[PDB]
K.L.:
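Take this structure first; my questions come after.
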Amino acid sequence: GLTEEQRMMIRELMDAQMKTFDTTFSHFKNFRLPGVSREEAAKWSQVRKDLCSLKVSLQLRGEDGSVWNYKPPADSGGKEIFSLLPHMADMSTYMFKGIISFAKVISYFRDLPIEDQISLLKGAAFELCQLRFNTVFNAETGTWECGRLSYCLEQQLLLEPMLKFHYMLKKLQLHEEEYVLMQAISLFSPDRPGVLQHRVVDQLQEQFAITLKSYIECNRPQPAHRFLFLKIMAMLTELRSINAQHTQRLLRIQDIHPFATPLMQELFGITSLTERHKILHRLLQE
Amino acid sequence: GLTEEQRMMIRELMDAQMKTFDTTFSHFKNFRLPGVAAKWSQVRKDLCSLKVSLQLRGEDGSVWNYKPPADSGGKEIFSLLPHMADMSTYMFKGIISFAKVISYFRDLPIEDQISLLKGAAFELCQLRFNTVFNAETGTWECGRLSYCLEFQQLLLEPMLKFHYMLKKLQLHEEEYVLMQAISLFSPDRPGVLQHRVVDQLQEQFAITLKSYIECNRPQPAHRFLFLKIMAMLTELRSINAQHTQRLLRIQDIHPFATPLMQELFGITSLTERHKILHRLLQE
Ligand SMILES: CC(C)(O)CNC(=O)C[C@H]1CN(S(=O)(=O)c2ccc(F)cc2)c2ccc(C(O)(C(F)(F)F)C(F)(F)F)cc2S1
């Protein structure tokens, strides 16, 4: 169906995925859990909007069958709005370490300069996390099934860009190979801030895009999936728009309530690329 | 009507109840929680019948709910035990404080103070838990903490039957506190030397309770109330004997009791053998 170069490209991405994506969250342990001025007011009013827009309940299923469940608090008008942030900080960081490992194991990425690698990971980390999270998303129950951990959502949610993305991507019933090809397309994005070898990255992305188009023609019937490829490219455009939204969101919260882990500060630009990104450089050279 | 001596007696117990019973459970903190041989066949039969889910409401409105694991079998049946022991110890410390602020109890030799406390701790705890028990939901509403029952099968557990039965009488605060005093001043407890004084004390609290009822409960619903309460107390003594035996069987195959519980229950001269009690009674 596809060429041998195309089959081997997929095989490389699928290997990279099986090796670095802990699908059952079996190594995500020792994480934190929620406990048992005119200019500043404008900041707090905005941050309150950023957080109350997405509400989930936590479910922790014990090995024995015991179930711990965390229902979030209402906006009383204080710090309670930040109860889930250290837990989300640990979850994001775990997910990011997986994504750095994923990129690192790909030859086309490994063969790029360290500075380009850093810039590509800074620009794509969140996007790759969401695509990965989409694979554990249950659209019937409104839940992300993260092994023993579950995140249960509480047309009200269909307005929230992040939620509409998960519901829509899940609707496409994508294959493991298609999710992984979406990951490469997003990772090898030439238009990222700080990318030097723009030409090489553009030729790499186009080859991943061609392989995805070719994979759809060979593996899917006629013609229900006629525009599946273009539907996928639309989702990635939307994903990049949610990424810009999410960076402004995170930075605003970080500004009034510091919560990001050391790796999150590096990825998001919270206070010479190798000098400003020492954790990332270590992780890439391991 | 009530005599001046009876009115003062109620007043004192009521004042002792408020000083020593934190009904909102606001000072209950730093407690353990479940993690995020034919004796085993009997110990499992003790634990299984008393199945509860735990709820924790934060000041913010946030709620942590714990659903327990099923049997077979398996050390998972001992999940709520460290927590239960922390809650018990906290209640027993309030019961100890309750006894201490009572003049009638203070004027007793330290050995009898220990003997009465060892005999009544569980009984007084059960009486105080009944006041926070909601019979409509089967929940002990202990402030931020809630213990919810997971039917004729539920009623097969005497401790659980006692709670529904006692709640049906719809007792006043004065009646609950007089029951505590009657159960505390039990002359028949092991090691009680001052039998006569304790028995005289018990008869005056029982007389005070009878007088309180005649003076305040004239409704047909409350006919025979005094004798029902007295039958409930005898029933509470029976449950207490069964509970001590259940605890000793659980502790033997799975040690969980705090140092105060080991003292109160016997788990291993009176003042030396009960150092913590002796300290608490002096402090
Ligand atoms: C008043 C309250 C209690 O309602 C406030 N809302 C919450 O505490 C919801 C949590 C969960 N979510 S979420 O609902 O958007 C979500 C949950 C699970 C998922 F897998 C994906 C999204 C989330 C996601 C990212 C992020 C972050 O990326 C963000 F803070 F946005 F930067 C983080 F990981 F860095 F923290 C935060 C949250 S907070």
Side-chain angles (χ1 to χ4, degrees), chain A residues 24-28 30-36 44 47 51-52 56-62 64-70 72-78 80-88 90-91 94 143 145-147 149-153 253 257 259, chain B residues 24-28 30-36 40 47-48 52-58 60-66 68-71 73-74 76-87 90 139 141-150 254 256:
Chain A
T24 65
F25 296 65
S26 56
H27 305 103
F28 177 52
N30 296 115
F31 44 89
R32 286 163 296 164
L33 285 171
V36 71
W44 277 84
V47 158
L51 283 156
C52 297
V56 296
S57 48
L58 251 70
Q59 187 167 310
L60 289 128
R61 292 162 307 281
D64 51 15
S66 76
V67 187
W68 269 113
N69 173 262
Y70 178 80
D75 198 351
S76 310
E80 71 286 340
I81 197 158
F82 311 127
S83 68
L84 279 169
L85 296 185
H87 177 69
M88 293 306 150
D90 296 331
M91 182 48 113
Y94 181 72
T143 310
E145 300 172 342
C146 307
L149 202 28
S150 285
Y151 299 97
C152 198
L153 243 15
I253 306 159
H257 185 264
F259 81 99
Chain B
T24 75
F25 292 69
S26 52
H27 306 98
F28 181 41
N30 296 87
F31 49 81
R32 298 167 283 179
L33 277 163
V36 10
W40 264 84
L47 290 152
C48 77
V52 285
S53 74
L54 185 145
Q55 186 163 300
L56 239 320
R57 289 156 302 281
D60 44 19
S62 76
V63 182
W64 266 115
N65 186 274
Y66 179 79
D71 201 11
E76 67 285 333
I77 61 158
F78 315 112
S79 57
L80 282 157
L81 281 186
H83 180 76
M84 285 316 136
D86 288 351
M87 166 56 89
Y90 176 84
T139 321
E141 302 170 334
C142 311
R144 335 234 66 171
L145 277 100
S146 272
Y147 304 87
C148 186
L149 263 344
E150 284 293 81
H254 188 282
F256 71 105

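Letters A, B, ... are given to chains in the order of the sequence lines, protein chains preceding strands, and every chain is numbered from 1. All values below were derived from every heavy atom in this structure, side-chain atoms included, with hydrogens, water molecules and symmetry-related copies excluded.
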K.L.:
Who are the side-chain contact (heavy atoms from CB on, under 4.5 Å) partners of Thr143(A), not counting sequence neighbours?
P.N.:
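Result, side-chain contact (heavy atoms from CB on, under 4.5 Å) vs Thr143(A): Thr141(A), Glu145(A), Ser150(A), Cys152(A).
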K.L.:
If you round to the nearest 0.5 Å, how far is CH2 of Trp64(B) from CG of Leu60(A)?
P.N.:
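So the CG of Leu60(A) and the CH2 of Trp64(B) are separated by 5.0 Å.
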K.L.:
Would you say that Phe31(B) contacts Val36(A) through its side chain, given a criterion of any heavy-atom pair below 4.5 Å between the two side chains?
P.N.:
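With C-beta onward as the side chain, the pair stays apart.
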K.L.:
OG/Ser66(A) to CG/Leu54(B) distance, rounded to the nearest 0.5 angstrom?
P.N.:
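Going from OG on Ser66(A) over to CG on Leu54(B), the span is 11.5 Å.
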